[PDB]
Amino acid sequence: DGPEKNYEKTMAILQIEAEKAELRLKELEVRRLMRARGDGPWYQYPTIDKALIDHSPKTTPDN
Amino acid sequence: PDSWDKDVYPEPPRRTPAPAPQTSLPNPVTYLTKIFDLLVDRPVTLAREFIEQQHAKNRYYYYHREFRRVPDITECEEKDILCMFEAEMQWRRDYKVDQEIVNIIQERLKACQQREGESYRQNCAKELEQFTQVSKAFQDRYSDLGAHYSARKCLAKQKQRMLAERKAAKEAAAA
């Protein structure tokens, strides 16, 4: 075939790989920040559910 | 022949002496040339004429590919891979063109040296000067880049040379 086919195929491939590399760097940074802080959906370790607490008079005023 | 342009490959007018037979002894060179012409050049010329007339009955063309200009690596972003790719391919094509230019100059130098005979040291001074200039330019451009050469490395070499020469010029002017 002609050179334009290989030229444009290489251009598309280069775009795909560059986007993938940038996405991988962003993923690593996001993971590091998320584990360090814990304010995102990832790395949310469970805590005690508050629906288990009994809110009723307890035979003693001071709980 | 018109197959190659005369200006790019110059040739002197190639003046030749005239036969001045001092004696009546017949030289064998002329007789041998005549017989060689008679029984070699004629059949070859007829065969070539036949082949050429066969070619003329079916004529078709092929064209030289023209390439557009694209932005260099100097106006290419840091991580813009597409512009970097285009600039790199353009730089490689320019590299090949420069190599062929140097090849042309070398061919002219060799032809002049062989043609001038025993006075080559004097009569081909211009060709040697042209080759010296082109070789210095090529060495400044592309030499020492390494096996993994690229447009970025050539640009870095040019920048370093520009810094060196600017510092030298500033030091000379301020002196």
# chains A, B, ... in the order shown; residues from 1 in each chain; ligands from 1
$ interface_residues --of "chain B" --to "chain A" --cutoff "10 Å" --atoms "only C-alpha atoms" --output "NGL selection string"
:B and (79-83 or 85-86 or 89)
$ select_by_dssp --residues "chain A" --states "helix (DSSP H, G or I)" --output "ChimeraX atom specification"
/A:3-37,50-52
$ residues_around --residues "segment 6-10 of chain B" --least-positions-apart "3" --cutoff "9 Å" --atoms "only C-alpha atoms" --output "PyMOL selection string"
chain B and resi 1-2+104+107-108
$ write_last_selection --atoms "N, CA and C atoms" --output "compact mmCIF listing (two decimals), in the first residue's frame"
# COMPACT_ATOMS: atom_id res chain seq x y z
N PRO B 1 24.23 13.58 -22.79
CA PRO B 1 22.85 13.10 -22.64
C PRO B 1 22.02 13.99 -21.73
N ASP B 2 20.72 14.06 -22.00
CA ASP B 2 19.80 14.87 -21.21
C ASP B 2 19.21 14.12 -20.03
N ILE B 104 26.73 13.99 -3.83
CA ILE B 104 26.88 14.67 -5.11
C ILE B 104 28.19 15.46 -5.14
N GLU B 107 31.07 13.12 -5.57
CA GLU B 107 31.17 12.63 -6.94
C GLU B 107 31.83 13.66 -7.84
N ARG B 108 31.45 14.93 -7.69
CA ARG B 108 32.07 15.98 -8.50
C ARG B 108 33.56 16.08 -8.20
$ residues_around --residues "residue 67 of chain B" --least-positions-apart "3" --cutoff "12 Å" --atoms "only C-alpha atoms" --output "list in words"
residues 3 and 4 of chain A; 64, 70, 86, 89, 90, 93 and 94 of chain B
$ write_last_selection --atoms "N, CA and C atoms" --output "short mmCIF file (atom, residue, chain, number, x, y, z; two decimals), in the first residue's frame"
data_model
loop_
_atom_site.label_atom_id
_atom_site.label_comp_id
_atom_site.auth_asym_id
_atom_site.auth_seq_id
_atom_site.Cartn_x
_atom_site.Cartn_y
_atom_site.Cartn_z
N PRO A 3 2.45 4.97 1.49
CA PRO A 3 3.02 5.41 2.77
C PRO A 3 2.02 6.08 3.70
N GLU A 4 0.94 6.67 3.18
CA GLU A 4 0.01 7.36 4.07
C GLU A 4 -0.66 6.39 5.03
N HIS B 64 7.59 12.14 -9.54
CA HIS B 64 8.36 12.36 -8.33
C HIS B 64 7.44 12.85 -7.22
N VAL B 70 6.11 20.57 7.29
CA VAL B 70 5.40 20.42 8.56
C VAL B 70 6.20 21.12 9.64
N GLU B 86 5.59 13.90 13.46
CA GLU B 86 5.71 14.56 12.17
C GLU B 86 7.06 15.26 12.02
N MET B 89 9.87 12.65 11.48
CA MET B 89 9.92 12.12 10.12
C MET B 89 10.48 13.16 9.15
N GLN B 90 10.07 14.42 9.30
CA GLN B 90 10.62 15.48 8.45
C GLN B 90 12.12 15.61 8.64
N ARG B 93 13.90 12.83 6.79
CA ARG B 93 13.94 13.08 5.35
C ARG B 93 14.99 14.13 5.00
N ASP B 94 15.08 15.20 5.81
CA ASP B 94 16.10 16.21 5.58
C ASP B 94 17.50 15.63 5.75
#
$ atom_distance --atom1 "atom CA of residue 30 of chain A" --atom2 "atom CA of residue 42 of chain A"
9.8 Å
$ closest_residue --among "B:59, B:117, B:71, B:12" --to "residue 84 of chain B" --atoms "only C-alpha atoms"
B:71
